[PDB]
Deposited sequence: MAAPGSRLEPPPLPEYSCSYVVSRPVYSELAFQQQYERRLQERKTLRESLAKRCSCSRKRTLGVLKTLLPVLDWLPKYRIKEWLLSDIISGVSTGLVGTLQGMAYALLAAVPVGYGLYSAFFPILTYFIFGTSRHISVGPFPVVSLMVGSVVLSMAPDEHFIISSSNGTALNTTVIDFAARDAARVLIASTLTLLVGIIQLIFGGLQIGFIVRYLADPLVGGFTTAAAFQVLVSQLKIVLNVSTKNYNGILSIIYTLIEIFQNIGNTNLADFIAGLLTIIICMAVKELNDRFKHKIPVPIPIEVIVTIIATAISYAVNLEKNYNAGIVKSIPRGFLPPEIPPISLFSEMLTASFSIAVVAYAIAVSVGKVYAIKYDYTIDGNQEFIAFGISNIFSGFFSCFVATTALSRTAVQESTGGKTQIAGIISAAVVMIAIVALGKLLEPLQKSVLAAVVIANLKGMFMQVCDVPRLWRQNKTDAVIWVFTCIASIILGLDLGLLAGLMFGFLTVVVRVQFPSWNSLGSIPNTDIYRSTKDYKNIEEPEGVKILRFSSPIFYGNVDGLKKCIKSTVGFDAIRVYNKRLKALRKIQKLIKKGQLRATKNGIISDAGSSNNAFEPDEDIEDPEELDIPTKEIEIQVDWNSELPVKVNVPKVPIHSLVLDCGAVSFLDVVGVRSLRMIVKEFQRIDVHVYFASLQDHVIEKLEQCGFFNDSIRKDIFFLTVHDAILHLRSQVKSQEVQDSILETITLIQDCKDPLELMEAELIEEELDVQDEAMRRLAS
């Protein structure tokens, strides 16, 4: 077959350089971008059906996730309504449904509970004033999140969600599922547990829940259990029996309607003391300017909430964009969601993002442009102004049960943890650390810890790389580690060291130790011994994988070269990239008799050059 034949001079870097010479309408993405391009002839019907279905789903989801946040039911309707309108303009995606997404809602509720506890606020009971304070804190956090998102959009730094690695995303998702389960289990049992704010909050909440389980409400617990069983069974049947009924069954909506009708018919509120929403405001409240003074106490939480909400939004947007063959602008997603969160925070809402289930409902029911979003917003509006009184007898345990039933996919990544461990130990470590940190910390603090742990794992992987003592495969130009192939011959009086990482301070110390181990000695000790009195003659450094190089690395390279030259040992560098050589030359490496003539193209010109002497 084909053979590897090449005839050329031995080029050093100096010789190679000598012979081969070197050397305005998108920030506000208009609705006019697609409204004139709209397809009125047929798209209206699909948009209307999809919007009605996803609005029916989104009213329920906003009401349910308003319990995850520490705000009364009814403001979830606002959080489902306002962000859709203020995303219809700036939004790039045309399939995602904008709403609470109970993970962001639970982080918001954790912030609100930390900044407005029951005992800290009410010292008399002042339900109305406490609810007003909780709503105001939620609106302030939403406005801060929107400001952060808009700032990130202005700076065009949309690559930050790259840092949200899949292992840490999965660990954070499982931990958030655990937190949501704990909160909604507190809700369904109708047990009054004092809210623990800080570290080990979830564990203390569980301890108090199982302590006060004796005070559980039978009606609320039974309703929640029955709702969970019905929803999960219907979802399982739909997953199995999937060839028919292409649209997913809106089991949650029907379950909530039946529960509300039954609770209105037999009046669980007064007969069994059931926990119902008991209050939904009618009409739209006037806007209020959030107090910016609280911004200092929400920074570490607003940053994490903005990052998580945007990551979920673009995740769902990209999942549906690769399906419908279009691209979503990430920086414009910053802009759209930041403006949306600011607008919603002014109008008394909590942080807005998209939900995978709601987006799936919207798309599977004839998903088309964001007009379906507008129809969903109109449905939420008519629920706000007309259907507010009808949903009063509905139990909060039903909404919590709906959320718990939806938590299954988020609970299932414990199954993929072991295969992650088998595939790559550091990824499983990232997963487990993110999960545990998000459990015994805040969810925001857990996210920040997971991000910095991912950064630390990258730093450790580049700091302790693979390094090999290379010898030649006979009659070829293939150099491989002498301990791996058993047919590798060691050349005459020269050691070849491949350091498979960029050289920086941690890699400085690692590379010094690796050279000392490879050559079997160190230059300083032998030089001092020879001075007091008064095996290897060359070391080739295979730097093919050296990506970058800093001033500490350049200093280390100069020190290594000088120390080995002191004991008549020549150090040659091979396979260095052009930019690394430029870094060397601008860092002052080529001074004091270096002259770039000890740099070869690969680790075979070095050996040939040695054999010439």
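In this entry, the deposited residues absent from the coordinate set span 1-16, 40-63, 165-175, 586-653, 733-780.
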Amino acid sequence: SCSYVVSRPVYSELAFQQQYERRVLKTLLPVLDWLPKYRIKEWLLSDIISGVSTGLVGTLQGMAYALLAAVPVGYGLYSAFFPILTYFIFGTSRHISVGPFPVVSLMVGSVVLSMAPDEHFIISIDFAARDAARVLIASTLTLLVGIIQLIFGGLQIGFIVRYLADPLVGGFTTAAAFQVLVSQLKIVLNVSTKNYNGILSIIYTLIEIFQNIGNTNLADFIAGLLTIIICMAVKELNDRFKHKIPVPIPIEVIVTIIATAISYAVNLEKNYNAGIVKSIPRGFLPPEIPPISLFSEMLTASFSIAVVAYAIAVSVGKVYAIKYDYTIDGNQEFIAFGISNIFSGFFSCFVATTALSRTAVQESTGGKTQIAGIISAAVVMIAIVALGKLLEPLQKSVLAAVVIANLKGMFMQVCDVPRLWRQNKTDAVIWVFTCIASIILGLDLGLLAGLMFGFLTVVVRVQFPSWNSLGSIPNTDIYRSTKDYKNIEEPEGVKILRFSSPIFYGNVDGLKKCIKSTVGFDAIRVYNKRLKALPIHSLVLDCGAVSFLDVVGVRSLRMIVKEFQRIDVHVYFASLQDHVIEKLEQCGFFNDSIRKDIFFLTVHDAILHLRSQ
From here on, numbers count along this sequence of modelled residues.
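Only the largest set of C-alpha atoms that superpose within 1.5 Å between the two forms is called the rigid core.
Comparing 466-474 with 440-448 by root mean square Cα distance to the shown form in 4 other deposited structures of this protein, with the rigid core used for the fit, gives 466-474 as the more displaced stretch. Greater average departure of CA atoms from the shown form, over structures and residues in 4 other deposited structures of this protein after a core fit, characterises 523-531 among 204-212 and 523-531.
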